[PDB]
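Just the one chain here, the form deposited in one PDB entry, laid out as structure tokens.
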């Protein structure tokens, strides 16, 4: 087997030998996954990472949201966009708010996705401060991102939700028991899951002005508190509790427990405990 021919021919020729040389495994969501810098990727995402690493030029004023593959990000993208833009596009003029005019996925673009499909897209023609989204590993971010003083928010979902998102996506398009086993081994799309998470967890403790670690579970349960925490990481000034409440209210128009049998949930929990000892990130 050889890789597919996807996208811009010129970029295909620039990346195809590299991709053809990497380790590959049977894909579930896809024909083959490929190991690149420690993580397994679909061909499309890998082409977009390779181009992104070569072409993206970070700015110190950038904010990058890092999320896991196939989780919903509409709500998070909206909250952070609305917070950052709360004077440029006041939360109150509601009907005229970009979140209402346009889709949050166009406002807060998925980097690797854009590079896959539109390799010449000029990110510098977007307004600063640029809010953007990625799933790229902390260790695989473009060198300009690593060297900048931009801000990175890692939004961590429970690994069981990370799996179920991938599962629900693929089954939409090989039994669940086998997919759980592969996910737990790490040889699975976007995996190993523990490395994706731990690299940002470590960065959030070692370089807390560069990386902030947010659990989706806390963003859901205590949204006002978590948003004030994000604001304080992103910006220097004071933010009123009411400004945060109005942001949450604007964004209010935008789990594994129902899908996983208990034996699969426990299987993932066994890998979580093993891999996260004593990190100490613990999950609820």
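Only residues modelled in both forms are compared. Residue numbers count along the first chain shown, from 1. Each form is matched to the other, and the largest set of C-alpha atoms that superpose within 1.5 Å is called the rigid core.
Omitted here: the form deposited in another entry. The next part is about that form.
No residue of 56, 28, 216, 36 other than 28 has its CA displaced by 2 Å or more between the shown form and the other one when the core is superposed. With the core held fixed, the Cα of residue 15 is displaced between the shown form and the other one by 2 Å or more.
Core-superposed difference between the shown form and the other one: segments of three or more residues with every CA shifted 2 Å or more are 11-15, 27-30.
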